[PDB]
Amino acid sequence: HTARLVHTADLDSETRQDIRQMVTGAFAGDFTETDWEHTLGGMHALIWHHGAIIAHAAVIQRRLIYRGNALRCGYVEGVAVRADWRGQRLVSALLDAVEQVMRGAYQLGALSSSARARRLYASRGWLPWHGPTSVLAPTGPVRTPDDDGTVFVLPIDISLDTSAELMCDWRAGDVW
């Protein structure tokens, strides 16, 4: 299988719904209205089999502040492979597409991973963040300790001290 990249604005309404339902079912309900909102706005890597969406990952644009610079970041959201199609390395095909988008448009990729998926990201060259994570909330920088240990980055055109602070920009729901 090979993923196809489609911008959110190019999704017909039937396709957009098929994605939301497949991703929601793949997370077994652990995917909220704001998790879905966070998957919108960027490029969706999609894998189909006979007219049905069997795999999805989205890369959206945001800023991550590292050593005072607001790095242009491709943030990965909604990675999911339909349950009956798992164990077939379809996720590797989704990540090939999302990583291609990073190399062509961003300074680094980033994402917040489940304890499970960590081996997968690390095997592809993603780096686990060791420094304290924070978010630039409307009141100012606030640490995000519940997200520590879950963030991974994919440097594109920068070497990174992964034990320095990393502060994402603000949004509703999970900020990472």
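Start at 1 and count along the sequence shown; that's the residue number.
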When the C-alpha temperature factors are averaged for each of 108-116 and 58-66, which stretch ends up with the higher value in the entry? 108-116
153-161 versus 10-18: which one carries the higher mean Cα B factor per the record? 10-18
Among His38, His44, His130, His49, single out the one with the highest C-alpha B factor in the record, please. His49
What third of the chain does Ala83 rank in for C-alpha temperature factor, lowest, middle or highest? highest
Comparing against every modelled residue in the chain, figure out the third that the C-alpha B-factor of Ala172 lands in (lowest, middle or highest). middle
So, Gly125's CA B-factor, relative to its chain, sits in which third? The lowest
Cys73 - Cα temperature factor, lowest/middle/highest third of chain: lowest
Using the B-factors in the PDB entry, rank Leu94's C-alpha atom against the chain and give the third, lowest, middle or highest. middle
